[PDB]
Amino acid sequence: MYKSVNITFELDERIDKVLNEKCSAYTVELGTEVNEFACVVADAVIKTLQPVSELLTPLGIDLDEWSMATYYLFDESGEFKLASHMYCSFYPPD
């Protein structure tokens, strides 16, 4: 009933490597709605970036909205479906 999920972040070219290194690994219960799992990842992303907000501001990143922005999680086939390997983007595929 639990699956190990590893995320490749495609949120923002300026910070995806930091998120890939710090907050990419998750354990997810099989029946979790993808929309609920997305909020778990978003929470972890904000916790990871808020401590370096003084570096992000001059890189042109405002974290204000990120907390409430919609995060899209999808699998290698671009489907909104829990998988061992998933992508995180602010934009749906299509």
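Numbers follow the displayed sequence, beginning with 1.
Asks: Mean CA temperature factor from the deposited coordinates, higher in 66 to 74 or in 20 to 28?
Replies: Mean CA B-factor is higher for 66 to 74.
Asks: Looking at the temperature factor on the CA atom of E33, which third of the chain's modelled residues does it land in?
Replies: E33: CA B-factor falls in the middle third of its chain.
Asks: Sorting by Cα B-factor within the chain, modelled residues only, which third would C88 end up in: lowest, middle or highest?
Replies: As the PDB entry reports it, the C-alpha B-factor of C88 lands in the lowest third of its chain.
Asks: How does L56 rank on Cα B-factor within its chain, lowest, middle or highest third?
Replies: Answer is lowest: the recorded C-alpha B-factor places it there.
Asks: Which third, lowest, middle or highest, does the C-alpha temperature factor of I7 belong to within its own chain?
Replies: As the PDB entry reports it, the C-alpha B-factor of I7 lands in the lowest third of its chain.
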